[PDB]
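# I need the structure of the sequence given here:
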Amino acid sequence: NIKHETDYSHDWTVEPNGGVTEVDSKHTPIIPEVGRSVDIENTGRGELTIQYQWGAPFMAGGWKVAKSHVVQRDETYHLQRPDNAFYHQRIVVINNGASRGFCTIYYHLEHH
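Residues are numbered from 1 along each chain as shown. Now the structure:
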């Protein structure tokens with residue numbers, strides 16, 4: 001009795017020499033919420049960093065890093081969301097290298 005479920009994906013570019021691309025975001029300023037996990041497939045020639053970031057109410061003190069991981073070319077990596085709830089959160093992909101960055105993000109949706 002296998003069932004098909006639908007998730008989302010999206011392709012992204014990340015500029016070289018410090019580009020940052022936002023690939024997910026959530027703002028829940030009244031009641032905080034747990035976020036969403038993703039997988040990243042690096043489809044470019046150089047490495048990328050993926051980070052899970054959070055912010056306090058009013059973004060006081062700017063974004064903070066909860067998780068970070070480096071993904072090499074052709075690899076796919078699962079970024080599990082933190083177990084705690086946030087007022088602001090996002091996932092970014094950062095390209096600190098000289099090669100243009102490319103990736104596909106697979107978003108793990110909520111299923112019941």
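# any idea what sits nearest residue 15, other than its immediate chain neighbours?
Leaving aside its chain neighbours, residue 15 sits nearest to residue 95 (6.4 Å; criterion: Cβ to Cβ, 6 or more residues apart in numbering). Every residue, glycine included, has its C-beta placed from N, CA and C.
# Could you grab the helix/strand/coil label for the residue nearest to the spatial centre of the chain?
By Cα atoms, centre = their mean, the chain has its centre lying nearest to residue 91, at 3.0 Å. Under the three-state scheme (DSSP: H, G, I helix; E, B strand; the rest coil), residue 91 adopts strand.
# what sits against it?
Neighbouring residues of residue 91 by Cβ atoms under 8 Å, 6 or more residues apart in numbering: 22, 23, 24, 25, 38, 50, 51, 52, 53, 79, 105.
# try it again with 10 Å
Counting by Cβ atoms under 10 Å, 6 or more residues apart in numbering, residue 91 makes contact with 21-26, 35-38, 40, 50-53, 67, 79, 81, 105, 107.
# Residue 85 versus that one, what's the distance?
As defined by Cβ to Cβ, to the nearest Å, residue 91 lies at a distance of 16 Å from residue 85.
# now the contacts of residue 91: which count as buried?
21, 23-24, 26, 35-38, 40, 50-53, 79, 81, 105 (16 or more other Cβ atoms under 10 Å).
# Quick check: closest non-adjacent residue to residue 81.
The shortest distance from residue 81 to any non-neighbouring residue, by Cβ to Cβ, 6+ apart, is to residue 35 (4.2 Å).
# and the one you found, helix, strand or coil?
For residue 35, the secondary structure call by three-state DSSP comes out as coil.
# Enumerate the beta-bridge partners assigned to the residue nearest to the centre of the chain.
Note on residue 91: beta-bridge partners residue 24, residue 52, judged by DSSP bridges.
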